[PDB]
Chemist: 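Before I ask anything, here is the structure I am working with.
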Amino acid sequence: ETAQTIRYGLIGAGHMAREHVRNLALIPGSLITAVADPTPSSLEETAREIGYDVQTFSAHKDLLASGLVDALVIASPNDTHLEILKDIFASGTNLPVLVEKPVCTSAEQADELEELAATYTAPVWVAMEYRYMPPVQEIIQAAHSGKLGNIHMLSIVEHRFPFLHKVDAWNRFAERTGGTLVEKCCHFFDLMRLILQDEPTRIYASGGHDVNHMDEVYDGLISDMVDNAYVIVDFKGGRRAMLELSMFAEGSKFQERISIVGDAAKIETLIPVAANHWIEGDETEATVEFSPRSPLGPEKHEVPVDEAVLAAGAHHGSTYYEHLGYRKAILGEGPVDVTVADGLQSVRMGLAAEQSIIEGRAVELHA
Amino acid sequence: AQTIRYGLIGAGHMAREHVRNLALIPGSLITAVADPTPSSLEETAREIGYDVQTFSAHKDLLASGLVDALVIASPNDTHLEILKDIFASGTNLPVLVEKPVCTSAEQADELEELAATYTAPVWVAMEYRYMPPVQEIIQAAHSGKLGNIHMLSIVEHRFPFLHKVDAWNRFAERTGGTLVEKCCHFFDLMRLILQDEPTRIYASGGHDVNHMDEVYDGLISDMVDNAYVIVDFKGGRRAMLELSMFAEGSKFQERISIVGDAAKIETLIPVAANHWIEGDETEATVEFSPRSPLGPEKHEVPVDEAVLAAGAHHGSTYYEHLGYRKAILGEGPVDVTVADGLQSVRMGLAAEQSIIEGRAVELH
Ligand SMILES: NC(=O)c1ccc[n+]([C@@H]2O[C@H](COP(=O)([O-])OP(=O)(O)OC[C@H]3O[C@@H](n4cnc5c(N)ncnc54)[C@H](O)[C@@H]3O)[C@@H](O)[C@H]2O)c1
Ligand SMILES: NC(=O)c1ccc[n+]([C@@H]2O[C@H](COP(=O)([O-])OP(=O)(O)OC[C@H]3O[C@@H](n4cnc5c(N)ncnc54)[C@H](O)[C@@H]3O)[C@@H](O)[C@H]2O)c1
């Protein structure tokens, strides 16, 4: 049981970086060595969380020259993801990267990243982790095993609280985030491609900035970000999906609903609000419900998460499994489950959707 | 109880639901029943349980002098002819005309002009609003208990289209399309709950599972069996409809969620006892979820055993009739007007048009 050891470098050391550290703390062989972030308060809090001594830098290139690291984790703001990847690619360090979603934030960016990512050879994983939520694992297995028959429809409903406060308010601005439908919803456009095993062809969306962040001023600016939307997505093989997002529906005991409908059965999972954002002492569990057409007879069970794994994140235990998988890719004992290609599609879908909200019209996509 | 003499024009599946419901309302007497299919007159006569005059054509029924009020429950594309005829009859009879009130744009234009000059009660039989659980949702929305409303979602997961006389419901040309035939109730609910008028609509649907390649009397089966619809409104609200006609395993057939800036509310309507398993009668729920303070409240909403048993629309048909009665007597208004019917149809038609051309459609 000699744990092989991986030395992790964190580039960006804020809210999500600290979720990575709590999760790596549950995985033997996991050691944080370097942490780069140009905001001192961020380095301080992240160092407190790690709980043991680490080298800190205020710039990533220094971290890259340190020789302190076996693998990278990028958790900086969305629009910075490309620069840091270009830099990692040109470093000659050939380091594995776990880069947070969205992998980028514009069409120009995605084009560039597509060409560049081809020549880089080390594991590059886009940190879209929703698929590893245990409840959502079942849903996906069921869909893939043909237990639903031919799949026709996928609905995703997220009802949640306004965008949280982040360092320098980066998440309040379309140009830094890619828009709400890239920032928040890329996870969901990915899930669509994964579950339906198909590529989108058309997308229409209707959304607004109707409720949130109205009294928050940032050097004379208000948030330009969407806080509610419906999205319909058409696919190559005649399947269709729908996304409902509200960022002011936080009263809802269940934050996510995902239903898949095939021609033999339907399946539906309900994901609760994380314990951190919900009332104290009212922890509900996630459910999965299987509903065959014939014979009638729905079966529903709770899908529990290990008390520790659940407590380490606000994404229902997913971050832990993401890291077990990143580890295996780093060691060569497993694949990159969520590629750059995956990331680029999810972003392009979200960008199309942001475009549809602006022009009041559907938008075509290319394979 | 004053007595109302009802004429049924069309005497199939839905006509028999009206009869079971009128049977629960004192003062209610069926006198005439018109339908061009003998077997239909026979079954409907068995259901009524007492003697009635039958005709094979509606104008005969209209001249009979047997009736105080009409109920049209014929196939969708016949609704206009019968209404034109009722209007020109000089009988000045109250009409309860089944949804959809018509099936094309030409039809709706015509009916709009004609219905203006007719003076007797004309009520469109979109009854979903009277389902007790749906009553709450609407009161909550109207009382401001949700705050300013931004989103309304409606999910129907159900069984394929049933078998009907002469297969009329298998053809877009006879029905107006699935989004008119099945979904007009829902586009109406949108206007009622949001208290607003739609401005744009986009939809994506297909004929992917059910009733592929059925020919019957010149037409080919062509009806949509799954669809998503987004509707934009004048006041910056938006609604979404999800329909699957092959999701009948779902213990809950309808889900309706409203999201405002102070709270969310959501009702779940179970499959009617007729279409569900024998052992497992479940009840409808309503769940209120305020943003601040957190604390969702959920209760079941029961229906009177009798009222529920008389229909497959969760007690709504009964209340529709209590209200039609009051309009007939002059002791009450027309809750669901022609205008209401025309909007719901135009919404559904726009949506059918959107599915065809891959593009959103404006509304007036
Ligand atoms: N996968 C998920 O479930 C999930 C959840 C939340 C956030 N995220 C992603 O994590 C990333 C950061 O989100 P967050 O909530 O931690 O935000 P945060 O603002 O709390 O943390 C961002 C940090 O990055 C630092 N930073 C800024 N510019 C930088 C640069 N040029 N180089 C390096 N670091 C820089 C900031 O100083 C800040 O400390 C984003 O990509 C976001 O989309 C993912
Ligand atoms: N409100 C609801 O919830 C609801 C539910 C079901 C049906 N409906 C409506 O009921 C109507 C009929 O559907 P159904 O299920 O009762 O159908 P059905 O096929 O069981 O009955 C229709 C009857 O109309 C008869 N008919 C045909 N042409 C006619 C004509 N020109 N004049 C008079 N009768 C004629 C047929 O012979 C048949 O007996 C449709 O408008 C449908 O939308 C409403």
Side-chain angles (χ1 to χ4, degrees), chain A residues 10-20 36-43 45-46 57-60 63 73-81 84 99-103 105 126-130 163-171 177-178 182-184 186-187 313-315 318-319 322, chain B residues 8-18 33-41 43-44 55-58 61 72-79 81-82 97-101 103 124-128 161-165 167-169 175-176 180-182 184-185 311-313 316-317 320:
Chain A
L10 307 189
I11 308 180
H15 197 249
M16 193 51 208
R18 288 180 210 88
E19 196 178 305
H20 295 287
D37 190 311
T39 297
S41 43
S42 283
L43 288 174
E45 207 174 319
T46 292
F57 312 67
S58 75
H60 64 268
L63 185 149
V73 180
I74 304 171
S76 63
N78 302 353
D79 63 347
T80 77
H81 287 176
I84 295 169
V99 54
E100 267 299 347
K101 44 100 312 199
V103 76
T105 61
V126 181
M128 285 180 307
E129 76 275 12
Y130 281 44
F163 274 120
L164 299 173
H165 297 286
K166 308 290 203 187
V167 169
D168 204 42
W170 67 265
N171 73 347
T177 53
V182 174
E183 154 62 356
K184 176 76 279 289
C186 58
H187 292 117
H315 308 105
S318 48
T319 307
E322 179 173 56
Chain B
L8 303 190
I9 305 177
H13 198 250
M14 192 52 209
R16 289 182 210 85
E17 194 179 306
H18 296 286
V33 177
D35 189 309
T37 298
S39 42
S40 284
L41 287 175
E43 208 174 321
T44 291
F55 312 69
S56 75
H58 63 269
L61 186 149
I72 306 173
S74 63
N76 301 353
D77 63 349
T78 77
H79 287 177
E81 27 191 313
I82 297 169
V97 55
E98 267 299 350
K99 46 55 46 151
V101 76
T103 60
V124 180
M126 284 170 316
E127 74 277 6
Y128 282 45
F161 274 124
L162 297 173
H163 291 289
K164 304 233 156 285
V165 171
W168 68 263
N169 72 348
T175 54
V180 174
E181 154 64 355
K182 176 76 277 290
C184 58
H185 312 295
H313 310 103
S316 54
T317 307
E320 176 171 61

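Every chain is numbered from 1 and lettered A, B, ... according to where its sequence line falls, protein lines coming before strand lines. Remember, it's 1-based here, ligands and their atoms both numbered in the order they're listed.
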Chemist: Would you mind running through ligand 1 and noting each atom that sits below 4.0 Å from a heavy atom of A:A127?
Modeler: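 Ligand 1 atoms under the 4.0 Å threshold to A:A127: 1 (N).
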Chemist: About how many Å separate CG of B:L8 and CZ of B:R16, when rounded to the nearest 0.5 Å?
Modeler: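 Answer for the CZ-CG pair, B:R16 versus B:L8, is 10.5 Å.
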Chemist: Measure from atom 32 (N) of ligand 1 to every heavy atom in A:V126, A:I84, A:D168 and give the option owning the shortest one.
Modeler: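 Looking at heavy atoms only, A:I84 sits closest to atom 32 (N) of ligand 1.
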Chemist: Check A:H187 against ligand 1 and report side chain, backbone, both or neither, counting heavy atoms closer than 4.0 Å.
Modeler: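 Side chain only.
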Chemist: Taking all atoms of both residues into account, what is the closest heavy-atom pair of B:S40 and B:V165, and its distance?
Modeler: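 Shortest heavy-atom separation between B:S40 and B:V165 comes out as OG-CG2, 3.7 Å.
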Chemist: Run the numbers for me: atoms of ligand 1, each under 4.0 Å from some heavy atom of A:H315, listed by number.
Modeler: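 Ligand 1 atoms under the 4.0 Å threshold to A:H315: 3 (O), 5 (C).
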Chemist: A:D37 heavy atoms, cut-off 4.0 Å: which ligand 1 atoms fall inside?
Modeler: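 Counting from 1, the qualifying ligand atoms are 23 (C), 24 (O), 25 (C), 36 (C), 37 (O), 38 (C), 39 (O).
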Chemist: Considering both backbone and side-chain atoms of B:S40, is one of its nitrogen or oxygen atoms within less than 3.5 Å of a nitrogen or oxygen in ligand 2?
Modeler: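 Between B:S40 and ligand 2, an N or O pair is found under 3.5 Å apart.
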Chemist: With rounding to the nearest 0.5 angstrom, report the CE to NE2 distance, B:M126 to B:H185.
Modeler: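 With rounding to 0.5 Å, CE (B:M126) is 9.0 Å from NE2 (B:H185).
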Chemist: To the nearest 0.5 Å, what is the distance between CG on A:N171 and NZ on A:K184?
Modeler: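 Nearest 0.5 Å value for the CG-NZ distance: 12.0 Å.
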Chemist: Any idea which heavy atoms bring B:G10 and B:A15 closest together, and the distance?
Modeler: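 Nearest pair, atom of B:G10 first, then B:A15: O-CB, 3.3 Å.
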Chemist: Do A:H20 and A:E322 meet the criterion of a side-chain donor-acceptor pair at a distance under 3.5 Å?
Modeler: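 On atom types as modelled, these side chains do not qualify, holding no pair under 3.5 Å.
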Chemist: Which of the numbered atoms in ligand 1 are under 4.0 angstrom from any heavy atom belonging to A:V167?
Modeler: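 Selected atoms, number and element: 19 (O), 36 (C), 37 (O), 38 (C), 39 (O).
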Chemist: For A:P102 and A:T105, work out which heavy atoms get closest and say how close.
Modeler: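 For A:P102 and A:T105, the tightest heavy-atom pair comes out as CG-CG2, 4.4 Å.
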Chemist: Please give me the minimum heavy-atom distance between A:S76 and A:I84, naming the atom from each residue.
Modeler: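 Closest heavy-atom pair between A:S76 and A:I84: OG-CD1, 3.5 Å.
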Chemist: Roughly how far, to the nearest 0.5 Å, is the NE2 atom of B:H58 from the CD1 atom of B:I72?
Modeler: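 Between B:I72 CD1 and B:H58 NE2, I get 8.5 Å after rounding to 0.5 Å.
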Chemist: Given B:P75, B:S39, B:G12, which one has a non-hydrogen atom that is nearest to atom 24 (O) of ligand 2?
Modeler: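 Of the listed residues, B:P75 has the closest heavy atom.
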Chemist: Which one of B:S56, B:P36, B:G311 has a non-hydrogen atom at the shortest distance from atom 29 (C) of ligand 2?
Modeler: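 That would be B:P36.
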Chemist: Distance under 4.0 Å to a non-hydrogen atom of A:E183: what atoms of ligand 1 satisfy this?
Modeler: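 What qualifies from ligand 1 is 43 (O).
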Chemist: Does an N or O anywhere in B:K99 fall below 3.5 Å from an N or O of ligand 2?
Modeler: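 Right, the criterion is met.
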Chemist: May I ask which of A:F163, A:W170, A:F57 has a heavy atom nearer to atom 17 (O) of ligand 1 than the others do?
Modeler: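 Checking each option, the heavy atom nearest atom 17 (O) of ligand 1 is found in A:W170.
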Chemist: Just do the side chain to side chain donor-acceptor pair (under 3.5 Å) check on A:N78 and A:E183 with the steps written out, would you?
Modeler: CA-CA 8 Å; A:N78 302 353; A:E183 154 62 356; 2.9 Å; yes
Chemist: Heavy atoms only, cut-off 4.0 Å: how does A:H15 contact ligand 1, side chain, backbone, both, or neither?
Modeler: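 For A:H15, the contact with ligand 1 is made by both the backbone and the side chain.
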Chemist: Do any heavy atoms of B:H79 fall under 4.0 Å from ligand 2?
Modeler: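 Flag set, B:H79 near ligand 2.
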Chemist: A:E129 heavy atoms, cut-off 4.0 Å: which ligand 1 atoms fall inside?
Modeler: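 Those qualifying, in numeric order: 1 (N), 2 (C), 3 (O).
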Chemist: Does at least one non-hydrogen atom of B:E17 fall below 4.0 angstrom from an atom of ligand 2?
Modeler: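 No heavy atom of B:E17 comes that close to ligand 2.
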Chemist: How long is the gap from NE2 on A:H15 to CD on A:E45, to the nearest 0.5 Å?
Modeler: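 That separation rounds to 8.5 Å.
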Chemist: Tell me the contacting part of A:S76 for ligand 1: side chain, backbone, both, or neither, using a 4.0 Å heavy-atom threshold, strictly below.
Modeler: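 Both parts.
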Chemist: Check the pair B:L41, B:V33 against side-chain contact (heavy atoms from CB on, under 4.5 Å), reporting the backbone distance first and the verdict last.
Modeler: CA-CA 7 Å; B:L41 287 175; B:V33 177; 3.7 Å; yes
Chemist: Given A:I11, A:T177, A:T319, A:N78, which one has a non-hydrogen atom that is nearest to atom 42 (C) of ligand 1?
Modeler: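 Among A:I11, A:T177, A:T319, A:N78, the closest heavy atom to atom 42 (C) of ligand 1 comes from A:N78.
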Chemist: If the contact criterion is a heavy-atom separation under 4.0 Å, does B:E81 count as touching ligand 2?
Modeler: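 The answer is no, since B:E81 has no heavy atom less than 4.0 Å from ligand 2.
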Chemist: Cut-off 3.5 Å, side chains only: do A:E19 and A:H315 have a donor facing an acceptor?
Modeler: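 Side chains of A:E19 and A:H315: pair found under 3.5 Å.
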Chemist: Counting from 1, what ligand 1 atoms have a heavy atom of A:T39 closer than 4.0 Å?
Modeler: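 Near A:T39, meaning under 4.0 Å from one of its heavy atoms, ligand 1 has 37 (O).
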Chemist: With atom 4 (C) of ligand 1 as the reference point, say which of A:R18, A:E45, A:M16, A:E322 has the nearest heavy atom.
Modeler: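 The option holding the nearest heavy atom is A:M16.
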